[PDB]
Protein chains: 2
Amino acid sequence: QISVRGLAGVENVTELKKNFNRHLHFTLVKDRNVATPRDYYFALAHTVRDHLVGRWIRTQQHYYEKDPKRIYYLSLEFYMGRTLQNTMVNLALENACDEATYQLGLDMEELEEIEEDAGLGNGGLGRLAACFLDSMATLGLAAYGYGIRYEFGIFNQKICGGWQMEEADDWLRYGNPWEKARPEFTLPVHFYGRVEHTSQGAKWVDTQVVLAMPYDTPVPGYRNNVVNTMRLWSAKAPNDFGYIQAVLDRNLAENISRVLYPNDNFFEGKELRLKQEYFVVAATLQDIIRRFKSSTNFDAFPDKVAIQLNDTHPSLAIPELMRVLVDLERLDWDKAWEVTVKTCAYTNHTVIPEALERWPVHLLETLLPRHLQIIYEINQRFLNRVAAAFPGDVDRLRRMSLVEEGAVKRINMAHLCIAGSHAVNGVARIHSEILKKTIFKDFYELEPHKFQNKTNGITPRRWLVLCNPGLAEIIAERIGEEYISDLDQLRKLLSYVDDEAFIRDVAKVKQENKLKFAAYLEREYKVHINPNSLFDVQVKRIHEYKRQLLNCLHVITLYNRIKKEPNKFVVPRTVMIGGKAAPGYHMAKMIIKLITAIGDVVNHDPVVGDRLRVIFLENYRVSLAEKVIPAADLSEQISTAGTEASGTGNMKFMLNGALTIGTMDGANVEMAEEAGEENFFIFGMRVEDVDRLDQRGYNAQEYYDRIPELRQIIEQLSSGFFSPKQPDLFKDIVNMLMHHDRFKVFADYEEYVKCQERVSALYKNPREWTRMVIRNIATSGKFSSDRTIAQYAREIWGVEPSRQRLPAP
Amino acid sequence: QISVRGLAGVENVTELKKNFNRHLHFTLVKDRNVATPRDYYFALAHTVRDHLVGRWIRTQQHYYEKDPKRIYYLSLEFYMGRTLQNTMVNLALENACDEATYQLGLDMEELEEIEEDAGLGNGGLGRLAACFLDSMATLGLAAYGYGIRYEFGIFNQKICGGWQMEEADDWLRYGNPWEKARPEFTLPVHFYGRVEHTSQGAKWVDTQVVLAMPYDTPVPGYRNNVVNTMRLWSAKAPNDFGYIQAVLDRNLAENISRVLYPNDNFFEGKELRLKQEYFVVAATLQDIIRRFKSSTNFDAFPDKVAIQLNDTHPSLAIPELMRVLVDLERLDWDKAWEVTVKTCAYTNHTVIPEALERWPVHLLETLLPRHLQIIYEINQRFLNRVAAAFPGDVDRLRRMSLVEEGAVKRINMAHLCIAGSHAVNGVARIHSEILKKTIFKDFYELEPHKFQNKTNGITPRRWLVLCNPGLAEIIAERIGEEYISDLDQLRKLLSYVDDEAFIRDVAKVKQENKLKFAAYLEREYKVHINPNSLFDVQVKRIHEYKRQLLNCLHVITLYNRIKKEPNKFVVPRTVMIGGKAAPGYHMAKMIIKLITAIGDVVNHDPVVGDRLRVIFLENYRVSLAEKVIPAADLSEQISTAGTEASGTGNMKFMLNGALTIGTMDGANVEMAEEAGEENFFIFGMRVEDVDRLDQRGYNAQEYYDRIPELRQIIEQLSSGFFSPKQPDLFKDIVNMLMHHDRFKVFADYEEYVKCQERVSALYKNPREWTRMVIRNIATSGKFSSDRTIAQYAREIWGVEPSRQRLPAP
Ligand SMILES: O=C(N[C@@H]1O[C@H](CO)[C@@H](O)[C@H](O)[C@H]1O)C(F)(F)F
Ligand SMILES: O=C(N[C@@H]1O[C@H](CO)[C@@H](O)[C@H](O)[C@H]1O)C(F)(F)F
Ligand SMILES: *Cc1c(COP(=O)(O)O)cnc(C)c1O
Ligand SMILES: *Cc1c(COP(=O)(O)O)cnc(C)c1O
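1. Digging into the overall build of chain A
- What chain A contains, in helices and strands, is 33 helices and 25 strands.
- Its C-alpha atoms give chain A a radius of gyration of 27 Å, within 12% of the compact-globule value 28 Å for 809 residues.
- Judged by the C-alpha coordinates and their principal axes, chain A covers about 90 × 75 × 60 Å.
- Counting the 809 residues in chain A, one finds 66% classified as buried.
- Surface accessibility of chain A: about 29,600 Å² in total, with carbon and sulfur atoms responsible for 50%.
- Between the centroid of the 102 positive side chains of chain A and the centroid of its 108 negative side chains there is a distance of 1 Å.

Below, the structure written as structure tokens:
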């Protein structure tokens, strides 16, 4: 029972125990004789949920009364993770429930492990949406998250024979106690059809109809009694439509919300994905307009509504809003456009070419004929403005067009978003600058005022208090609990950098987390890691730009050095790498095989002993991140400079006591700036260096010829040293590294290895390592999503955040 | 507030109101400001459900302790209807909830109309299963109903342009508060594959797996605190099985429990239907064996288990039980067969050839290879016994074989059921006799001891107390409430046949029900019936053997007679016909069109006035039956003698104050016997007369030539009198009646019309009509399903029914 977990008052504990038994009986229809751990988990979940409803109802009633400006965050992904503990934390019910369940003879931690992750996201983009919802509630904003209720989220990853196997994430199998179906608010969504031009306006007719049924999930703010809503739409066929066959084919319409596309930073132009994108936008906008008409001059629309587009996925919101205002409300084009631009804002999350959405015209033409017409009109009017500002610059006109010519005509959704939004932002200072100097340079020159920066952040509730109570406690002991909702206060810890007691406590918490994780590794998965070794961790989606391959080269280097001088001392390390590969990404799947293949050799070499271990963490997800991050010593953030827009895992590691080894990419730059470069392990090419190399031409052979250790590794891979039975198993990997590596792994190899040596040197000095850690934790305040959201609120949405408690429950 | 509805004590009402508000708040997450009638319905449903759980848990605990013989009723259909009122009735909570909701400013009757019917059945067979579950709980039997949870039940019928239109019955859209998902008890079901013969036994391998997830619904007995279980299986794909496509194809496995085949007395040999049949049998038997091993000598299996097969739909239970005992438990064939025969019993529900299941061998061969082998072995051993009992009778061998030769080999499932069951029963005395003299004559000669009769019945709770409180009340006033669970006591009403007060009350209740229904007809559907007319009703599924066409001929006759002598007095009538037609049954759909077509002419003829009205009751279902039956004066039960196995609607009408006009078919024979033929309107050919006609040869032309009035009707139909714009619209109907009428409508026409004249004559004498009604109600006791179930229990299952209250809640 620790401080930050709240009070366990003898009135609340008694009440919780009583309600727990009531739900077990009436809700689950069970008794203590046949109840299983899962039944107990649900009884607790319903009990905690009850405390949420009263606050949920009055929060919504409050917004109705005060009628503030509403913020609508549109996203195709919300990576929520588990909800039980987070709810207890935000309601200050953790110790009380811990005590209550204890008295009932149950271990609450065991029950929490039963909850399924709500994996409605792929990684960074989806988790950001989740942290944002938490911060918006904590800052008292009338915010609504709108998305899709996929019945199958990100697939569960299994490793067989060292290869990734995918299996359906049937997360709703045992039910979801957090959501509340609202079938009464079902809305129709139209597809296909054709456009008819009548006396007064165009009409979209002969369409196929799919119903959108909403499910609401509560989003509690941190101890302020505010509970916002996340509304997720589910596809339903109308009862309108051989009898048997007709009923069975209903599943054709309902497939829209069936599964999440498992791609991270990769565009797949499939019809089903386009349907999902329009589905969420169409249902959401009707809901927004309906709520507004209760709040008909749409001139005040922008004063009461703000729509934030999470990348281009919900970009159809722009032409859909125009369609409704022009075709249905009958506003003149110019007025409708003014309203649209003023309510929409766009956030770009990547500059990688293969990740940008460019939809084939023939697809939109067939699926959304009216929207295509509106997009052409928008393009026509936009290009007229470009032509007026840059007379005779024809090359500029074709570069800025929303319509892309070539093999097949495509619509550049990013161009559409910029043209129809009053603000466009990047997610890290360096990323936002790259947008203005390269990808969106032409647009920045036309409308400089639209471009902004909003550096990403993470919520300190889930990423500190929830996953690392031990650290939150020792910090609270010295500076109070105020920092949990005002992370900048962590700076006060700077005056404890020479405090012998604090140094000891910080190191003790880390050691306990490592023992806790090392245990979990054996209990689940039966591994064999040594808690005394340096925990070197790289967890994130598998992708070539992330460079898990560079990490692999270092691991093999360490192994070869040990085999060369067996009785020479080296700082023991446990290298952990985890992450999922998109099912259709061949190279990513081969990288996973390589990692397990290296472990097969290294982990069973008698000469290596327990000085080096290579472990691939299976099924990396939010719940696993909450376990491994607090236990890490070294955070690997090694993407090629200019490719990771921001990164967020990097922030989680910094807040939890791990030092960082990384490139000057994304938010790493601002992190190093806040902590001081001397307290960061920076290495490799800077963005400018990468450009110079491309000017000259990247030739990997050069590095291979001049670096003996590197040559040895490539020869081991090519000869079958890591794949005896299949000598050429890794031929594709070697071929790519040698002839077509877009991310120049070899170019940063030497500096990476040398930087890693400096990390080992510091680890040998426990006291100085811990002092540097304190320097990092103390300056991580800027990376709280509360800061990020406060900036979006003031600089983009035009609303003031608030910390005032809502009038109790 | 009437007597039979229970007490409304000031302690219970206060408690109900408090729990009602709690559910509205915590469960529905609403407040009195945004709540709609549907929200109030759910708040009440959850409140009533709560009172059911405590009794549900202890009932199951009781069975576990005493370990009585268990009864398993297997059926592919359970036509439950609505559950709220039935639950209140059985728990004696109706007046209390009426008062509680009244104090909350709500009308409970309005809320009850919001509940969706659980239409998991087609008609008679499915409703019988439902009445049986009610009676088994009321008689204290450890019974379990096992079936399939179709996500789409019997389709909702819409009438457009006088034609039937079908629309999906999405009954689970707003959720089902009565069921409790039990995902923890999920079981695997195998399909396809092949058979491998090993050293010790055969093995069924390389199968496709589909999971069966159970949902439990409580079944409360009448005021005895017993709550049994109805377990319905739902199909789930294993998470085992392009990534996207693979996930979308999961719906291929889950289609098994998607929709109920909408056929009544018609066999459709489709693969999907076969999968549904094995699915329910496979999951159920594993559940049964699992529960048994807790209760390994299977010799005691028949002493602890009874499996009742509702027709041949679950017939695969026989070979599946053999498969498990022989292949899995490793019992010798002879021992396994002894156990199987002793635990299984089969109930036949029809003699109509097109309704009997005869599955093509090639289907079983591909879908269930091991079962086909077992069926061949059973057939081989069975025929060996036949050959030994009737040496040299080769014709007998081919007639009795389970394998039917011909175009395509088929398995006669009825033969399989008789061979593998220790008891076979018909559902009405005349039907059971027909089985022994015709269809199953050979089997009866071989094993006479197996054949029995169990005349159908209906539950007096739903079919009297629930739907006709007014009548239940006036009856209770004179003889007490004991008859509700001992219907034979209604005989005491015979001593009131000359009681002027009772006569007046019986007639008053009927008039009130008629006004109540006449109102509903306008409020919903905007009709124009006259409450003073005789309510002539025929409601049941549309089928040629039911002869809705004969009724049509009478209606047209009445119309023509009025047009012939306009100013002659005739007893006013409101003829109501309702029922659904199977989607693929052309003739049935044409009959519906004919009925609406007749109404279009008759209802708008100025000369007819309000002396005759023809109304087609749309979407006939259980909830509608509860409204129209209590309001009927005349019950039409006119199937051709020997075609309606029993009928159950006939019993509902008799118990509710309507007189019956019908043929000596099914249970009509026993009803007339109980009430006295003088108190019934019997007409037409008897079974023997139908046979004589077939011997001679049925020639409809003869009747057409000798009956002028009949000739006129056929000429009106043929000339387009009832279809001006489409003169030959009813050509198919006329052609069938004249050249290929298997049910000889013309043969009973004259006697039918004359009998109808006798009905009108009696109606003109209110006092004598009511006295005959009292004679019917008073002798309807034999038709209580409590009597039927008591007989199944004692003569087939070997268990004693009980009326003892269970040790409170
Ligand atoms: O997932 C995408 N972008 C991702 O967004 C997150 C959140 O801003 C960033 O931290 C990360 O660097 C970036 O790759 C996308 F969609 F752009 F490909
Ligand atoms: O539905 C069928 N049979 C029906 O069963 C009910 C219930 O016993 C009888 O009352 C009815 O007469 C009969 O047609 C079936 F399945 F046999 F076609
Ligand atoms: C935070 C998080 C991410 C993002 O990690 P990066 O290293 O920024 O790519 C991805 N997946 C999960 C489950 C996360 O919690
Ligand atoms: C009782 C009932 C039936 C059976 O009626 P019969 O006239 O015996 O065919 C059919 N449908 C419903 C909804 C019923 O309640």
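2. Concerning the site of ligand 3
All names here are of chain A.
- Contacts to ligand 3 come from 15 residues, most closely from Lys540, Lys546, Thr648, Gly649 and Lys652.
- At 2.7 Å, a side-chain N or O of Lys540 approaches an oxygen atom of ligand 3.
- In this structure, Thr648 approaches ligand 3 through a main-chain N or O atom, which is 2.7 Å from an oxygen atom.
- Look at ligand 3: alone it shows 390 Å² of surface, and the protein chains cover 96% of it.
- Of all the elements in the fold, those that place two or more residues in the shell around ligand 3 are α24 (622-628) and α25 (649-655).
- Split by residue class, the shell around ligand 3 holds six nonpolar, five polar and four charged.
- Taken domain by domain, the shell around ligand 3 gets at least three of its residues from each of domain 1 (1-457 + 785-805) and domain 2 (458-784).

3. Brief notes about the relation of the copies chain A and chain B
- Take chain A, turn it by 180 degrees, move it 0.0 Å along the axis, and it overlays chain B with an RMSD of 0.0 Å. The superposition of one copy onto the other is thereby described by a two-fold rotation axis. Closest approach to the rotation axis within chain A is made by the C-alpha atom of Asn251(A), at a distance of 3.8 Å.

4. Notes on the packing of aromatic side chains
- In this structure the tally under the stated criterion is 48 aromatic pairs over all chains.
- Centre to centre, the rings of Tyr72(A) and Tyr144(A) are 5.2 Å apart; their planes meet at 25 degrees, and the pair counts as stacked. Placement of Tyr72(A) in strand β1 (residues 70-74) and of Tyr144(A) in strand β4 (residues 143-148) is noted, with a sequence separation of 72 residues between them. For the pair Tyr72(A) and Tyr144(A), a shared accessibility class is recorded, and that class is buried.
- Relative to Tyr278(B), the ring of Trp204(B) has its centre 6.3 Å away and its plane inclined at 65 degrees; by these criteria the two rings are edge-to-face. Both residues of the pair, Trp204(B) and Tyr278(B), belong to the buried class.
- Taken together, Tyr72(A), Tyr144(A), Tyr146(A) and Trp233(A) form an aromatic cluster joined through their ring pairs.
- It is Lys652(A) that lies over the ring of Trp463(A); its NZ or CZ is 4.2 Å from the centre.

5. Some words on the sheet that holds strand β15 (residues 358-360) of chain A
Residue and element names in this part refer to chain A.
- Read across the open sheet, the three strands follow the order β15-β17-β16; overall the sheet is antiparallel. Of all strands in the sheet, those bounded by a partner on one side alone are β15 and β16 (403-404).
- Judged from the three bridges that link them, β15 and strand β17 (residues 410-412) form a sheet pairing that is antiparallel. Following the sheet pairing, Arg358 is matched in β17 by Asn412.

6. With respect to unusual backbone geometry
- With a phi close to 60 degrees, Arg547(A) is a non-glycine residue in the positive phi region.
- Examined against the element boundaries, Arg547(A) turns out to sit in the loop between β20 (534-539) and α22 (548-564).
- At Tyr192(B), a position not held by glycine, the phi torsion is positive, near 60 degrees.
- Here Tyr192(B) lies in the loop between β8 (187-191) and β9 (194-198).

7. Considering the interface of chain A and chain B
- Listed per partner, the contact involves 49 residues of chain A and 49 residues of chain B.
- Here chain A and chain B share an interface that buries about 4,200 Å² over both sides, 61% of which is from carbon and sulfur atoms.
- There are two salt bridges connecting chain A and chain B.
- There are twelve residue pairs in polar contact connecting chain A and chain B.
- In terms of residue count, the dominant contributor to the side of chain A that touches chain B is helix α2 (residues 37-66) of chain A (eight residues).
- In terms of residue class, the side of chain A that touches chain B is made up of 24 nonpolar, ten polar and 15 charged.

8. Quick notes on the sheet that holds strand β15 (residues 358-360) of chain B
- Spatial ordering of the open sheet is given by β15-β17-β16 (chain B), a layout of three strands whose pairing is antiparallel. If you trace the sheet from one side to the other, it starts and ends with β15 and β16 (403-404) of chain B, each paired once.

9. Remarks on the pairing of strand β24 (residues 659-662) of chain B
Residue and element names in this part refer to chain B.
- Residues of β24 alternate between two faces, with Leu659 and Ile661 on one and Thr660 and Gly662 on the opposite face, all of them buried.
- Read from strand β23 (residues 634-637) through helix α25 (residues 649-655) to β24, the crossover connection turns out right-handed.
- Across two bridges, β24 lies against strand β25 (residues 681-682) in parallel orientation. Each residue of the ladder has a partner; that of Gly662, found in β25, is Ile682.
- Remark: the β24/helix α26 (residues 668-675)/β25 crossover connection has right-handed handedness.

10. Observations concerning the domain arrangement of chain A
Residue and element names in this part refer to chain A.
- By the assigned domains, chain A splits into domain 1 (1-457 + 785-805) and domain 2 (458-784).
- Computed over C-alpha atoms only, the centres of domain 1 and domain 2 are separated by 31 Å.
- With 60 residues of domain 1 at the interface, the matching set in domain 2 holds 59 residues.
- Summing both partners gives a buried area of about 4,900 Å² for domain 1 against domain 2, and 52% of it is carried by carbon and sulfur.
- One can count nine salt bridges joining domain 1 with domain 2.
- Ionic pairing is found between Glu673 and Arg429, a salt bridge with its closest N-O pair at 2.8 Å.
- Applying the counting rule to domain 1 against domain 2 returns 34 residue pairs in polar contact.
- Counting only elements with at least two residues in the side of domain 1 that touches domain 2, the list comes to β2 (78-81), α3 (84-91), α6 (124-138), β5 (156-160), β6 (163-167), α17 (429-437) and α33 (785-797).
- Here the residues of the side of domain 1 that touches domain 2 sort into 20 nonpolar, 24 polar and 16 charged.

11. Observations concerning the pattern of salt bridges
Residue and element names in this part refer to chain A.
- Overall, the coordinates contain 142 salt bridges over all chains when judged by the stated rule.
- A salt bridge links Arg22 to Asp50, with the nearest nitrogen and oxygen atoms 3.2 Å apart. Within this pair, whereas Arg22 is found in helix α1 (residues 12-27), its partner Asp50 is found in helix α2, the two being separated by 28 residues in sequence.
- Owing to a relative accessible area of 10%, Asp50 belongs among the buried residues under this scheme.
- A cluster of three or more residues bridged by salt bridges with shared partners is formed by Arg82, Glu113, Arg462, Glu626 and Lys627.

12. So, helix α32 (residues 766-778) of chain A
- Over its 13 residues, α32(A) runs 18 Å from end to end, which matches the ideal 18 Å to within 8%, given 1.5 Å per residue.
- Looking at α32(A), one finds that the buried residues are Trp769(A), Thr770(A), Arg771(A), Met772(A), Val773(A), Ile774(A), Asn776(A), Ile777(A) and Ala778(A).

13. A closer look at the side chain of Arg611(B)
Residue and element names in this part refer to chain B.
- Looking at where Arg611 falls in the secondary structure, it is placed in the loop between α23 (586-602) and β22 (612-617).
- As a buried residue without a salt bridge, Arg611 has its nearest oppositely charged side chain in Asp610, at a separation of 6.4 Å.
- Within the local environment of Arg611, its side chain forms a polar contact with the backbone oxygen of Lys568, the two atoms lying 2.9 Å apart.
- Ignoring sequence-local partners within four residues, the contact set of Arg611 consists of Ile562, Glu565, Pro566, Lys568, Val570, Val571, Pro572 and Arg573.

14. Re the nonpolar core
- In terms of nonpolar packing, the biggest core is built from 261 residues, with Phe279(B), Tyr483(B), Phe746(B) and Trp797(B) touching the most fellow members.
- It is helix α9 (residues 271-292) of chain B that contributes the most residues to this core, twelve residues altogether.
- Not counting residues up to four positions away in its chain, the partners in contact with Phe746(B) are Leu553(B), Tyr698(B), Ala700(B), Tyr703(B), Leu710(B), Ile714(B), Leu737(B), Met738(B) and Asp741(B).
- Grouped together as the second largest cluster of nonpolar side chains are 260 residues, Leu325(A), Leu416(A), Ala423(A) and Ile475(A) included.

What counts and what doesn't
Residues numbered from 1 in each chain as written, not as in the entry; some residues may be left out. Chains lettered and ligands numbered in written order. Heavy atoms only, no water. Helix = DSSP H or I, 4+ residues; strand = E, 2+ residues; numbered from the N terminus. Rg over C-alpha atoms; globule rule 2.2 N^0.38 Å. Buried < 20%, exposed > 50% of the residue type's maximum accessible area, 1.4 Å probe, protein only. Areas by Shrake-Rupley, 256 points an atom, 1.4 Å probe, with all protein chains shown as cover. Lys, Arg positive; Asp, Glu negative; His and termini not counted. Charge placed at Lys NZ, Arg CZ, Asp CG, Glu CD. Near = heavy atom within 4 Å. Polar contact = N/O pair within 3.5 Å; in protein donor to acceptor, adjacent residues only side chain to side chain. Nonpolar A, V, L, I, M, F, W, Y, C, P; charged D, E, K, R; others polar. Domains from an automatic or database assignment. Least-squares fit on C-alpha atoms. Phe/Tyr/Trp six-rings, centres within 6.5 Å; stacked < 30°, edge-to-face > 60°. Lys NZ or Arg CZ within 6 Å of the ring centre and 35° of its normal. Pairing = 2+ DSSP bridges. Contact = heavy atoms within 4.5 Å. Buried area = accessible area lost by both parts, 1.4 Å probe. Salt bridge = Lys/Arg side-chain N within 4 Å of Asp/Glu carboxyl O. Right-handed = clockwise from strand over helix to strand, strands pointing away. Expected span 1.5 Å × (residues − 1). Core = buried A, V, L, I, M, F, W, Y, C linked by side-chain atoms within 4.5 Å.

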